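As stored in work.cif (mmCIF, C-alpha atoms and all ligand atoms):
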```cif
data_start
#
loop_
_atom_site.label_atom_id
_atom_site.label_comp_id
_atom_site.auth_asym_id
_atom_site.auth_seq_id
_atom_site.Cartn_x
_atom_site.Cartn_y
_atom_site.Cartn_z
CA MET A 1 17.63 1.07 23.06
CA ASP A 2 16.53 -2.55 23.52
CA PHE A 3 13.81 -3.00 20.91
CA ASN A 4 13.01 -6.49 22.25
CA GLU A 5 12.06 -4.69 25.53
CA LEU A 6 10.23 -1.68 24.04
CA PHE A 7 8.22 -3.90 21.62
CA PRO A 8 7.26 -7.19 23.05
CA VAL A 9 6.01 -9.69 20.51
CA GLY A 10 2.19 -9.67 20.59
CA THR A 11 1.86 -5.99 21.50
CA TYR A 12 -1.12 -4.63 19.55
CA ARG A 13 -3.42 -1.73 18.89
CA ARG A 14 -6.78 -1.49 17.18
CA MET A 15 -8.87 1.08 15.48
CA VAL A 16 -12.14 1.24 13.62
CA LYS A 17 -12.17 2.90 10.24
CA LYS A 18 -15.36 3.87 8.39
CA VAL A 19 -15.07 3.36 4.63
CA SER A 20 -15.51 6.71 2.89
CA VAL A 21 -15.10 8.03 -0.65
CA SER A 22 -11.46 9.05 0.07
CA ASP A 23 -10.72 5.41 0.92
CA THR A 24 -12.09 4.08 -2.41
CA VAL A 25 -10.97 6.68 -4.94
CA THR A 26 -7.45 5.38 -4.37
CA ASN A 27 -8.50 2.23 -6.28
CA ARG A 28 -7.74 4.49 -9.31
CA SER A 29 -10.65 2.79 -11.12
CA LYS A 30 -14.18 4.17 -11.39
CA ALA A 31 -15.57 0.62 -11.47
CA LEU A 32 -14.15 -0.02 -7.95
CA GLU A 33 -15.69 2.99 -6.23
CA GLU A 34 -17.85 0.83 -3.92
CA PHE A 35 -15.12 -0.56 -1.67
CA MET A 36 -11.95 0.23 0.19
CA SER A 37 -8.69 0.31 -1.81
CA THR A 38 -5.46 -1.46 -1.05
CA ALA A 39 -3.79 1.91 -0.50
CA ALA A 40 -6.39 2.69 2.19
CA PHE A 41 -5.73 -0.60 3.97
CA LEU A 42 -2.03 0.23 3.84
CA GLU A 43 -2.45 3.79 5.12
CA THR A 44 -4.47 2.53 8.09
CA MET A 45 -1.93 -0.18 8.86
CA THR A 46 0.79 2.48 8.79
CA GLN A 47 -1.19 4.71 11.16
CA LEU A 48 -1.57 1.95 13.72
CA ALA A 49 2.02 0.77 13.42
CA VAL A 50 3.21 4.31 14.11
CA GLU A 51 0.78 4.51 17.08
CA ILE A 52 2.28 1.32 18.53
CA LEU A 53 5.96 2.13 18.07
CA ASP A 54 6.86 5.79 18.01
CA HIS A 55 5.72 6.88 21.48
CA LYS A 56 7.88 4.04 22.87
CA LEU A 57 11.01 5.51 21.25
CA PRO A 58 13.19 8.03 23.01
CA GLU A 59 13.46 11.67 22.04
CA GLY A 60 15.09 12.08 18.64
CA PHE A 61 13.99 8.75 17.20
CA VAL A 62 11.03 7.76 14.99
CA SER A 63 10.06 4.76 12.83
CA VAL A 64 10.00 4.63 9.03
CA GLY A 65 8.28 2.11 6.81
CA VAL A 66 10.59 -0.11 4.70
CA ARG A 67 8.26 -2.82 3.42
CA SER A 68 4.50 -3.37 3.31
CA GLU A 69 2.30 -6.17 1.97
CA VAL A 70 -1.49 -6.37 1.80
CA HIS A 71 -3.72 -9.28 0.84
CA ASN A 72 -7.28 -8.44 -0.03
CA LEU A 73 -9.80 -11.04 1.06
CA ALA A 74 -13.22 -9.51 0.59
CA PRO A 75 -14.81 -6.16 -0.20
CA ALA A 76 -15.23 -3.54 2.55
CA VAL A 77 -18.04 -1.45 1.10
CA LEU A 78 -18.57 2.27 1.53
CA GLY A 79 -20.19 2.86 4.96
CA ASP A 80 -18.66 -0.32 6.42
CA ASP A 81 -16.80 -0.12 9.71
CA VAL A 82 -13.54 -1.99 9.46
CA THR A 83 -11.66 -2.97 12.62
CA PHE A 84 -7.89 -3.03 12.10
CA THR A 85 -5.65 -4.96 14.46
CA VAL A 86 -1.91 -4.44 14.15
CA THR A 87 0.43 -6.61 16.20
CA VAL A 88 4.18 -6.81 16.77
CA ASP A 89 5.29 -10.05 15.09
CA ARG A 90 9.04 -9.91 15.59
CA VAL A 91 12.03 -7.67 16.19
CA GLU A 92 15.34 -7.85 14.27
CA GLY A 93 18.17 -5.43 14.55
CA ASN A 94 16.65 -1.95 14.40
CA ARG A 95 13.52 -3.25 12.71
CA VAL A 96 10.08 -4.34 13.82
CA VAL A 97 7.76 -6.49 11.70
CA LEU A 98 4.04 -6.08 12.43
CA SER A 99 1.11 -8.10 11.18
CA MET A 100 -2.33 -6.72 10.34
CA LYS A 101 -5.84 -8.04 10.13
CA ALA A 102 -8.86 -6.06 9.01
CA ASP A 103 -12.33 -7.35 9.78
CA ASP A 104 -15.86 -6.13 9.67
CA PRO A 105 -19.07 -7.52 11.06
CA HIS A 106 -19.23 -10.04 8.23
CA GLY A 107 -15.69 -11.37 8.60
CA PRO A 108 -12.12 -10.69 7.43
CA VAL A 109 -11.58 -8.25 4.59
CA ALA A 110 -7.75 -7.95 4.41
CA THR A 111 -4.48 -9.00 6.02
CA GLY A 112 -1.06 -7.43 5.89
CA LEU A 113 2.39 -6.91 7.21
CA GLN A 114 4.72 -3.96 7.64
CA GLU A 115 8.41 -3.76 8.47
CA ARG A 116 9.53 -0.48 10.05
CA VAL A 117 13.02 0.77 10.94
CA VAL A 118 13.95 2.95 13.89
CA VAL A 119 15.88 6.01 12.78
CA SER A 120 17.38 9.16 14.23
CA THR A 121 15.32 12.12 12.99
CA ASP A 122 18.58 14.08 12.60
CA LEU A 123 20.20 11.41 10.48
CA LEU A 124 17.00 11.00 8.44
CA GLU A 125 16.98 14.75 7.70
CA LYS A 126 20.59 14.53 6.58
CA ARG A 127 19.89 11.54 4.33
CA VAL A 128 17.17 13.48 2.52
CA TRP A 129 19.40 16.55 2.26
CA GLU A 130 22.35 14.60 0.85
CA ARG A 131 20.29 12.62 -1.66
CA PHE A 132 18.93 15.78 -3.26
CA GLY A 133 22.13 17.79 -3.13
CA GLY A 134 24.78 18.52 -5.69
CA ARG A 135 26.71 16.01 -7.74
CA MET B 1 -10.51 -14.37 -22.95
CA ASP B 2 -6.88 -15.46 -23.37
CA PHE B 3 -5.01 -13.42 -20.78
CA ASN B 4 -1.66 -14.71 -22.08
CA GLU B 5 -2.61 -12.96 -25.39
CA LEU B 6 -4.11 -9.75 -23.95
CA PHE B 7 -1.16 -9.27 -21.51
CA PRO B 8 2.12 -10.32 -22.91
CA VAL B 9 4.87 -10.63 -20.35
CA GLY B 10 6.97 -7.44 -20.45
CA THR B 11 4.10 -5.14 -21.41
CA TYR B 12 4.61 -1.88 -19.50
CA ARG B 13 3.46 1.65 -18.89
CA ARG B 14 5.12 4.60 -17.21
CA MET B 15 4.13 7.79 -15.55
CA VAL B 16 5.80 10.62 -13.71
CA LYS B 17 4.40 11.60 -10.36
CA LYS B 18 5.36 14.83 -8.54
CA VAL B 19 5.59 14.34 -4.77
CA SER B 20 3.03 16.59 -3.08
CA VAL B 21 1.68 17.02 0.45
CA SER B 22 -1.18 14.55 -0.27
CA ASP B 23 1.45 11.91 -1.06
CA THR B 24 3.29 12.35 2.28
CA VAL B 25 0.49 12.89 4.78
CA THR B 26 -0.38 9.24 4.25
CA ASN B 27 2.81 8.39 6.19
CA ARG B 28 0.50 9.05 9.20
CA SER B 29 3.50 10.55 11.01
CA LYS B 30 4.31 14.25 11.24
CA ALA B 31 8.04 13.45 11.35
CA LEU B 32 7.81 11.87 7.85
CA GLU B 33 6.17 14.79 6.09
CA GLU B 34 9.18 15.37 3.79
CA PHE B 35 8.83 12.30 1.57
CA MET B 36 6.43 10.07 -0.28
CA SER B 37 4.54 7.43 1.75
CA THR B 38 4.23 3.74 1.04
CA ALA B 39 0.51 4.22 0.45
CA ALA B 40 1.32 6.78 -2.26
CA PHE B 41 3.70 4.38 -4.00
CA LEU B 42 0.96 1.77 -3.86
CA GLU B 43 -1.77 4.08 -5.18
CA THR B 44 0.43 5.02 -8.15
CA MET B 45 1.28 1.39 -8.87
CA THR B 46 -2.44 0.61 -8.82
CA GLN B 47 -3.18 3.46 -11.22
CA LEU B 48 -0.66 2.21 -13.76
CA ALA B 49 -1.67 -1.42 -13.41
CA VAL B 50 -5.27 -0.46 -14.15
CA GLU B 51 -4.07 1.64 -17.13
CA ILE B 52 -2.24 -1.40 -18.53
CA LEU B 53 -4.95 -4.01 -18.05
CA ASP B 54 -8.50 -2.73 -18.04
CA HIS B 55 -8.75 -1.22 -21.52
CA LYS B 56 -7.58 -4.61 -22.87
CA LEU B 57 -10.54 -6.38 -21.25
CA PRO B 58 -13.84 -6.82 -23.02
CA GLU B 59 -17.03 -5.01 -22.09
CA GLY B 60 -18.29 -6.10 -18.68
CA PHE B 61 -14.92 -7.01 -17.22
CA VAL B 62 -12.48 -5.07 -15.01
CA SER B 63 -9.46 -5.90 -12.83
CA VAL B 64 -9.34 -5.87 -9.02
CA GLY B 65 -6.30 -5.80 -6.78
CA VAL B 66 -5.75 -8.93 -4.62
CA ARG B 67 -2.21 -8.48 -3.32
CA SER B 68 0.34 -5.66 -3.24
CA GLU B 69 3.87 -5.36 -1.87
CA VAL B 70 6.14 -2.31 -1.73
CA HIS B 71 9.80 -2.06 -0.74
CA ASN B 72 11.06 1.39 0.09
CA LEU B 73 14.63 2.02 -0.99
CA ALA B 74 15.25 5.72 -0.56
CA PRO B 75 13.34 8.92 0.18
CA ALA B 76 11.41 10.68 -2.61
CA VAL B 77 11.22 14.19 -1.20
CA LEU B 78 8.42 16.70 -1.68
CA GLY B 79 8.85 18.32 -5.13
CA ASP B 80 10.66 15.27 -6.54
CA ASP B 81 9.48 13.79 -9.82
CA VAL B 82 9.22 10.05 -9.53
CA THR B 83 9.02 7.90 -12.66
CA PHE B 84 6.97 4.74 -12.11
CA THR B 85 7.35 1.77 -14.43
CA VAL B 86 4.85 -1.05 -14.11
CA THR B 87 5.37 -4.23 -16.11
CA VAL B 88 3.46 -7.47 -16.65
CA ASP B 89 5.54 -10.16 -14.93
CA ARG B 90 3.34 -13.22 -15.40
CA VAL B 91 -0.18 -14.47 -16.01
CA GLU B 92 -1.87 -17.30 -14.07
CA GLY B 93 -5.45 -18.32 -14.36
CA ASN B 94 -7.51 -15.12 -14.26
CA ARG B 95 -4.71 -13.21 -12.58
CA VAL B 96 -1.88 -10.96 -13.69
CA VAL B 97 1.18 -10.20 -11.56
CA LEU B 98 2.90 -6.89 -12.32
CA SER B 99 6.20 -5.56 -11.07
CA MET B 100 6.95 -1.92 -10.26
CA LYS B 101 10.00 0.28 -10.07
CA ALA B 102 10.02 3.90 -8.99
CA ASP B 103 13.02 6.06 -9.77
CA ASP B 104 13.95 9.68 -9.70
CA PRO B 105 16.90 11.57 -11.09
CA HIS B 106 19.07 10.34 -8.23
CA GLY B 107 18.21 6.65 -8.56
CA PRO B 108 15.66 4.07 -7.38
CA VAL B 109 13.31 5.01 -4.56
CA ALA B 110 10.94 1.99 -4.36
CA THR B 111 10.02 -1.34 -5.94
CA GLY B 112 6.81 -3.31 -5.80
CA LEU B 113 4.48 -5.91 -7.10
CA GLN B 114 0.73 -6.22 -7.56
CA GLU B 115 -1.48 -9.19 -8.37
CA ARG B 116 -4.81 -8.32 -9.98
CA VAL B 117 -7.78 -10.55 -10.86
CA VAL B 118 -10.09 -10.15 -13.83
CA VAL B 119 -13.72 -10.05 -12.75
CA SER B 120 -17.16 -9.57 -14.23
CA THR B 121 -18.49 -6.19 -13.04
CA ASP B 122 -21.94 -7.82 -12.65
CA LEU B 123 -20.62 -10.62 -10.49
CA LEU B 124 -18.52 -8.16 -8.46
CA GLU B 125 -21.63 -6.05 -7.77
CA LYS B 126 -23.46 -9.17 -6.63
CA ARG B 127 -20.60 -10.21 -4.34
CA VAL B 128 -20.72 -6.85 -2.57
CA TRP B 129 -24.52 -7.00 -2.34
CA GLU B 130 -24.54 -10.52 -0.88
CA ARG B 131 -21.76 -9.87 1.64
CA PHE B 132 -23.65 -6.97 3.19
CA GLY B 133 -27.09 -8.52 3.05
CA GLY B 134 -29.19 -10.28 5.62
CA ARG B 135 -28.18 -13.26 7.71
CL CL A 201 6.23 0.48 4.58
CL CL A 202 -17.40 -12.09 0.17
CL CL A 203 19.11 6.63 11.31
CL CL A 204 24.81 19.49 -9.27
CL CL A 205 -3.83 -4.98 -4.54
CL CL A 206 19.71 7.78 -0.13
CL CL A 207 -16.03 -12.38 -11.26
CL CL A 208 -30.04 -9.73 9.19
NA NA A 209 -12.77 10.46 3.94
NA NA A 210 -1.60 16.37 -4.16
#
```
Is it possible to express this structure as structure tokens?
Ligand SMILES: [Cl-]
Ligand SMILES: [Cl-]
Ligand SMILES: [Cl-]
Ligand SMILES: [Cl-]
Ligand SMILES: [Cl-]
Ligand SMILES: [Cl-]
Ligand SMILES: [Cl-]
Ligand SMILES: [Cl-]
Ligand code: NA
Ligand code: NA
Amino acid sequence: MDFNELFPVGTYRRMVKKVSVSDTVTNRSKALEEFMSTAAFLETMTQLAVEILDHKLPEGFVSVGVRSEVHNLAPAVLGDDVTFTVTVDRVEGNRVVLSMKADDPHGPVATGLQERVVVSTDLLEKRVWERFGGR
Amino acid sequence: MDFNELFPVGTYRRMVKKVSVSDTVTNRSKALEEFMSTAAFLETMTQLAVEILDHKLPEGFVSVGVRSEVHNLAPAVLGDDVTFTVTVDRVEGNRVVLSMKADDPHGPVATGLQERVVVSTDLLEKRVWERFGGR
């Protein structure tokens, strides 16, 4: 695999996410029920990053998240439609760093980044097995 | 309010979180259904940060998340019990930065940080109202 080839810098996908109660409750604070939580921004970033990368990987390989960061800029209220844009920023080794911007009709609401690693599904399964096995 | 007084550096809370299907589906990848997602780590960090700060704030004030970061270290499989420890790292202006560590019986699974801002609930409500009002 040549990840520089499979994932050119600047490659992007978008989606529009409507803010719903399941996207706010994850604020874990009744007082913040009106707007989208950081966890929701992260989940949506993850979804798009997987949509960009995984179908470009050969059979037996997937991506896994190893670091995420989100900056909140402004509230995305319940019923808002938030456009997420996730873009390949750089490739290094078996990792891809993607940037994220979330906007609505009134302007930017959040930014982010996510680093993902390409793994063998077989080796991933074995890692999980070994970790939770016997001493 | 003297946030240096209300939130001494090193102040912490813990909780234990069992990894369930709702904590993995947020990987947004069928292949990753076996272990806890980054969004789940973030949600739990948020919950603890709010449990540390908000009850120490006077009537009319709450905290809001403005930046989060998570580093995944190792898989927390379905059925694992993950102990989260969230700790006040520093105070600056009207903000508190907290660190996070997530561990299970086999060792560390994730680390993180979260910066939260103290806001007036009234002013927060007005911000949301104004943003989504008329041009
Ligand atoms: Cl991640
Ligand atoms: Cl605003
Ligand atoms: Cl691997
Ligand atoms: Cl054993
Ligand atoms: Cl946050
Ligand atoms: Cl491991
Ligand atoms: Cl405020
Ligand atoms: Cl208008
Ligand atoms: Na929903
Ligand atoms: Na659950």
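Minimum atom-to-atom distance to ligand CL 204 (chain A), evaluated using all atoms listed in the file, belongs to B:106 out of B:131, B:106, B:116, B:90.
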- Query: Any idea what's packed within 10 Å of residue A:4, counting all atoms listed in the file, ignoring anything in its chain fewer than 4 positions away? Could you give it as a list in words?
  - Reply: residues 8, 9, 90, 91, 92, 93, 94 and 96 of chain A
- Pull out every residue of chain B sitting within 6 Å of chain A, counting only C-alpha atoms, and send them as a list in words.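 Taking only C-alpha atoms into account, residues 26, 28, 39, 42, 43, 47, 66, 67, 68, 69, 70, 71 and 72 of chain B sit within 6 Å of chain A.
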- All residues within 6 Å of ligand CL 203 (chain A) are required, counting all atoms listed in the file; please report them as a PyMOL selection string. chain A and resi 119-120+123-124
- Computed interatomic separation between atom CA of residue B:84 and atom CL of ligand CL 201 (chain A) (Å):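 One can read the atom CA of residue B:84 to atom CL of ligand CL 201 (chain A) distance as 17.2 Å.
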LSQ fit chain B -> chain A, C-alpha in sequence order, output as a PDB file with C-alpha atoms, keeping the file's coordinate frame:
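What follows is the written file superposed_0.pdb:
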```
ATOM      1  CA  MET B   1      17.631   1.073  23.058  1.00  0.00           C
ATOM      2  CA  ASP B   2      16.523  -2.547  23.516  1.00  0.00           C
ATOM      3  CA  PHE B   3      13.806  -3.006  20.913  1.00  0.00           C
ATOM      4  CA  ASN B   4      13.014  -6.492  22.252  1.00  0.00           C
ATOM      5  CA  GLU B   5      12.062  -4.690  25.533  1.00  0.00           C
ATOM      6  CA  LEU B   6      10.231  -1.681  24.043  1.00  0.00           C
ATOM      7  CA  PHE B   7       8.213  -3.901  21.617  1.00  0.00           C
ATOM      8  CA  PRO B   8       7.259  -7.195  23.052  1.00  0.00           C
ATOM      9  CA  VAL B   9       6.010  -9.687  20.515  1.00  0.00           C
ATOM     10  CA  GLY B  10       2.190  -9.666  20.589  1.00  0.00           C
ATOM     11  CA  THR B  11       1.861  -5.990  21.501  1.00  0.00           C
ATOM     12  CA  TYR B  12      -1.122  -4.632  19.553  1.00  0.00           C
ATOM     13  CA  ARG B  13      -3.419  -1.726  18.891  1.00  0.00           C
ATOM     14  CA  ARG B  14      -6.783  -1.494  17.185  1.00  0.00           C
ATOM     15  CA  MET B  15      -8.878   1.077  15.478  1.00  0.00           C
ATOM     16  CA  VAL B  16     -12.146   1.232  13.614  1.00  0.00           C
ATOM     17  CA  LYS B  17     -12.163   2.898  10.243  1.00  0.00           C
ATOM     18  CA  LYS B  18     -15.371   3.867   8.389  1.00  0.00           C
ATOM     19  CA  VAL B  19     -15.066   3.356   4.627  1.00  0.00           C
ATOM     20  CA  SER B  20     -15.508   6.712   2.891  1.00  0.00           C
ATOM     21  CA  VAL B  21     -15.093   8.029  -0.653  1.00  0.00           C
ATOM     22  CA  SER B  22     -11.457   9.050   0.078  1.00  0.00           C
ATOM     23  CA  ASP B  23     -10.723   5.408   0.920  1.00  0.00           C
ATOM     24  CA  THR B  24     -12.087   4.078  -2.413  1.00  0.00           C
ATOM     25  CA  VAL B  25     -10.967   6.676  -4.939  1.00  0.00           C
ATOM     26  CA  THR B  26      -7.451   5.384  -4.369  1.00  0.00           C
ATOM     27  CA  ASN B  27      -8.499   2.233  -6.276  1.00  0.00           C
ATOM     28  CA  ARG B  28      -7.747   4.483  -9.310  1.00  0.00           C
ATOM     29  CA  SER B  29     -10.647   2.795 -11.118  1.00  0.00           C
ATOM     30  CA  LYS B  30     -14.173   4.169 -11.389  1.00  0.00           C
ATOM     31  CA  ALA B  31     -15.575   0.620 -11.464  1.00  0.00           C
ATOM     32  CA  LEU B  32     -14.156  -0.020  -7.946  1.00  0.00           C
ATOM     33  CA  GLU B  33     -15.689   2.985  -6.234  1.00  0.00           C
ATOM     34  CA  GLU B  34     -17.855   0.831  -3.921  1.00  0.00           C
ATOM     35  CA  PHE B  35     -15.121  -0.552  -1.665  1.00  0.00           C
ATOM     36  CA  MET B  36     -11.947   0.233   0.197  1.00  0.00           C
ATOM     37  CA  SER B  37      -8.689   0.317  -1.813  1.00  0.00           C
ATOM     38  CA  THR B  38      -5.451  -1.461  -1.058  1.00  0.00           C
ATOM     39  CA  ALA B  39      -3.792   1.909  -0.500  1.00  0.00           C
ATOM     40  CA  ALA B  40      -6.390   2.688   2.183  1.00  0.00           C
ATOM     41  CA  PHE B  41      -5.723  -0.601   3.970  1.00  0.00           C
ATOM     42  CA  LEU B  42      -2.031   0.231   3.844  1.00  0.00           C
ATOM     43  CA  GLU B  43      -2.449   3.800   5.116  1.00  0.00           C
ATOM     44  CA  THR B  44      -4.471   2.527   8.089  1.00  0.00           C
ATOM     45  CA  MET B  45      -1.926  -0.183   8.860  1.00  0.00           C
ATOM     46  CA  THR B  46       0.785   2.480   8.795  1.00  0.00           C
ATOM     47  CA  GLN B  47      -1.192   4.706  11.154  1.00  0.00           C
ATOM     48  CA  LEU B  48      -1.566   1.948  13.726  1.00  0.00           C
ATOM     49  CA  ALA B  49       2.017   0.772  13.415  1.00  0.00           C
ATOM     50  CA  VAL B  50       3.209   4.310  14.119  1.00  0.00           C
ATOM     51  CA  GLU B  51       0.776   4.513  17.080  1.00  0.00           C
ATOM     52  CA  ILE B  52       2.282   1.323  18.531  1.00  0.00           C
ATOM     53  CA  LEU B  53       5.960   2.125  18.065  1.00  0.00           C
ATOM     54  CA  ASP B  54       6.862   5.789  18.015  1.00  0.00           C
ATOM     55  CA  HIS B  55       5.721   6.878  21.474  1.00  0.00           C
ATOM     56  CA  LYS B  56       7.884   4.043  22.874  1.00  0.00           C
ATOM     57  CA  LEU B  57      11.009   5.505  21.257  1.00  0.00           C
ATOM     58  CA  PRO B  58      13.193   8.029  23.010  1.00  0.00           C
ATOM     59  CA  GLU B  59      13.461  11.676  22.035  1.00  0.00           C
ATOM     60  CA  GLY B  60      15.090  12.077  18.631  1.00  0.00           C
ATOM     61  CA  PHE B  61      13.989   8.750  17.205  1.00  0.00           C
ATOM     62  CA  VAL B  62      11.037   7.766  14.988  1.00  0.00           C
ATOM     63  CA  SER B  63      10.068   4.765  12.839  1.00  0.00           C
ATOM     64  CA  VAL B  64      10.002   4.634   9.030  1.00  0.00           C
ATOM     65  CA  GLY B  65       8.274   2.114   6.810  1.00  0.00           C
ATOM     66  CA  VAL B  66      10.588  -0.106   4.693  1.00  0.00           C
ATOM     67  CA  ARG B  67       8.260  -2.819   3.412  1.00  0.00           C
ATOM     68  CA  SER B  68       4.500  -3.379   3.314  1.00  0.00           C
ATOM     69  CA  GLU B  69       2.303  -6.168   1.964  1.00  0.00           C
ATOM     70  CA  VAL B  70      -1.493  -6.369   1.801  1.00  0.00           C
ATOM     71  CA  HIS B  71      -3.723  -9.289   0.833  1.00  0.00           C
ATOM     72  CA  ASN B  72      -7.287  -8.436  -0.032  1.00  0.00           C
ATOM     73  CA  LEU B  73      -9.798 -11.044   1.064  1.00  0.00           C
ATOM     74  CA  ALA B  74     -13.218  -9.515   0.591  1.00  0.00           C
ATOM     75  CA  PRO B  75     -14.818  -6.161  -0.202  1.00  0.00           C
ATOM     76  CA  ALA B  76     -15.231  -3.544   2.553  1.00  0.00           C
ATOM     77  CA  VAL B  77     -18.038  -1.458   1.097  1.00  0.00           C
ATOM     78  CA  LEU B  78     -18.578   2.269   1.526  1.00  0.00           C
ATOM     79  CA  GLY B  79     -20.188   2.853   4.959  1.00  0.00           C
ATOM     80  CA  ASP B  80     -18.662  -0.326   6.419  1.00  0.00           C
ATOM     81  CA  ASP B  81     -16.798  -0.123   9.710  1.00  0.00           C
ATOM     82  CA  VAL B  82     -13.540  -1.983   9.465  1.00  0.00           C
ATOM     83  CA  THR B  83     -11.660  -2.968  12.620  1.00  0.00           C
ATOM     84  CA  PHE B  84      -7.890  -3.021  12.096  1.00  0.00           C
ATOM     85  CA  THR B  85      -5.645  -4.954  14.456  1.00  0.00           C
ATOM     86  CA  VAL B  86      -1.910  -4.440  14.155  1.00  0.00           C
ATOM     87  CA  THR B  87       0.435  -6.610  16.198  1.00  0.00           C
ATOM     88  CA  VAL B  88       4.187  -6.809  16.766  1.00  0.00           C
ATOM     89  CA  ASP B  89       5.284 -10.053  15.094  1.00  0.00           C
ATOM     90  CA  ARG B  90       9.047  -9.912  15.588  1.00  0.00           C
ATOM     91  CA  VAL B  91      12.035  -7.668  16.190  1.00  0.00           C
ATOM     92  CA  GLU B  92      15.340  -7.854  14.274  1.00  0.00           C
ATOM     93  CA  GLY B  93      18.171  -5.437  14.553  1.00  0.00           C
ATOM     94  CA  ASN B  94      16.651  -1.950  14.398  1.00  0.00           C
ATOM     95  CA  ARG B  95      13.520  -3.243  12.713  1.00  0.00           C
ATOM     96  CA  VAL B  96      10.071  -4.337  13.814  1.00  0.00           C
ATOM     97  CA  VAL B  97       7.757  -6.489  11.696  1.00  0.00           C
ATOM     98  CA  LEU B  98       4.044  -6.077  12.425  1.00  0.00           C
ATOM     99  CA  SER B  99       1.116  -8.102  11.181  1.00  0.00           C
ATOM    100  CA  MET B 100      -2.324  -6.719  10.330  1.00  0.00           C
ATOM    101  CA  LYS B 101      -5.844  -8.040  10.133  1.00  0.00           C
ATOM    102  CA  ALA B 102      -8.861  -6.064   9.008  1.00  0.00           C
ATOM    103  CA  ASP B 103     -12.327  -7.354   9.781  1.00  0.00           C
ATOM    104  CA  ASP B 104     -15.855  -6.122   9.672  1.00  0.00           C
ATOM    105  CA  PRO B 105     -19.073  -7.512  11.058  1.00  0.00           C
ATOM    106  CA  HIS B 106     -19.233 -10.036   8.228  1.00  0.00           C
ATOM    107  CA  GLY B 107     -15.687 -11.361   8.599  1.00  0.00           C
ATOM    108  CA  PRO B 108     -12.118 -10.684   7.434  1.00  0.00           C
ATOM    109  CA  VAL B 109     -11.579  -8.243   4.587  1.00  0.00           C
ATOM    110  CA  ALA B 110      -7.750  -7.947   4.409  1.00  0.00           C
ATOM    111  CA  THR B 111      -4.480  -9.007   6.024  1.00  0.00           C
ATOM    112  CA  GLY B 112      -1.060  -7.429   5.888  1.00  0.00           C
ATOM    113  CA  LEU B 113       2.387  -6.914   7.204  1.00  0.00           C
ATOM    114  CA  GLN B 114       4.721  -3.959   7.643  1.00  0.00           C
ATOM    115  CA  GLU B 115       8.412  -3.756   8.475  1.00  0.00           C
ATOM    116  CA  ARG B 116       9.523  -0.482  10.051  1.00  0.00           C
ATOM    117  CA  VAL B 117      13.020   0.765  10.939  1.00  0.00           C
ATOM    118  CA  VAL B 118      13.948   2.947  13.888  1.00  0.00           C
ATOM    119  CA  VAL B 119      15.884   6.010  12.782  1.00  0.00           C
ATOM    120  CA  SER B 120      17.381   9.157  14.233  1.00  0.00           C
ATOM    121  CA  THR B 121      15.314  12.122  12.991  1.00  0.00           C
ATOM    122  CA  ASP B 122      18.585  14.085  12.598  1.00  0.00           C
ATOM    123  CA  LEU B 123      20.198  11.408  10.483  1.00  0.00           C
ATOM    124  CA  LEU B 124      17.001  10.998   8.436  1.00  0.00           C
ATOM    125  CA  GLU B 125      16.973  14.747   7.699  1.00  0.00           C
ATOM    126  CA  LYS B 126      20.592  14.526   6.586  1.00  0.00           C
ATOM    127  CA  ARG B 127      19.888  11.540   4.329  1.00  0.00           C
ATOM    128  CA  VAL B 128      17.170  13.480   2.516  1.00  0.00           C
ATOM    129  CA  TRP B 129      19.403  16.557   2.262  1.00  0.00           C
ATOM    130  CA  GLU B 130      22.353  14.604   0.846  1.00  0.00           C
ATOM    131  CA  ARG B 131      20.288  12.619  -1.663  1.00  0.00           C
ATOM    132  CA  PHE B 132      18.933  15.779  -3.262  1.00  0.00           C
ATOM    133  CA  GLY B 133      22.129  17.785  -3.126  1.00  0.00           C
ATOM    134  CA  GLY B 134      24.775  18.525  -5.688  1.00  0.00           C
ATOM    135  CA  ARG B 135      26.709  16.006  -7.733  1.00  0.00           C
TER     136      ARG B 135
END
```
- Message: So the first atom is atom CA of residue A:89 and the second is atom CA of residue A:10; what is the distance between them in Å, to one decimal place?
- Response: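 Answer for the atom CA of residue A:89 to atom CA of residue A:10 separation: 6.3 Å.
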- Query: Any idea what the distance is between atom CA of residue A:86 and atom CA of residue A:53?
  - Reply: 11.0 Å
Mind giving me the axis-aligned box for stretch 102-113 of chain B with 3 Å on every side, centre plus edges in Å to one decimal, as lines of an AutoDock Vina configuration file?
```
center_x = 11.8
center_y = 2.8
center_z = -7.7
size_x = 20.6
size_y = 23.5
size_z = 12.7
```
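Distance check against residue A:33 using only C-alpha atoms: of A:83, A:20, A:11, A:99, the minimum falls on A:20.
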- Item | From B:81, B:3, B:87, B:130, residue lying nearest residue B:19 [all atoms listed in the file] |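 That would be B:81, the residue with the smallest distance to residue B:19.
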With all atoms listed in the file counted and 7 Å as the cut-off, give the residues of chain B in contact with ligand NA 210 (chain A), each with its shortest interatomic distance in Å and the pair that gives it, as CSV.
```
residue,atom,partner,partner_atom,distance
B:20,CA,A:NA210,NA,4.8
B:21,CA,A:NA210,NA,5.7
B:22,CA,A:NA210,NA,4.3
B:23,CA,A:NA210,NA,6.2
```
- Task: Compare A:59, A:7, A:79, A:122 by their minimum atom-to-atom distance to ligand NA 209 (chain A), counting only C-alpha atoms and all ligand atoms, and give me the closest one.
- Result: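 Counting only C-alpha atoms and all ligand atoms, the residue closest to ligand NA 209 (chain A) is A:79.
The shortest atom-to-atom distance to ligand CL 201 (chain A), with all atoms listed in the file taken into account, belongs to A:98 out of A:52, A:88, A:98, A:109.
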- Message: From the options A:2, A:36, A:30, A:16, which residue's atoms come nearest to ligand CL 205 (chain A), counting all atoms listed in the file?
- Response: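 Of A:2, A:36, A:30, A:16, the one nearest ligand CL 205 (chain A), counting all atoms listed in the file, is A:36.
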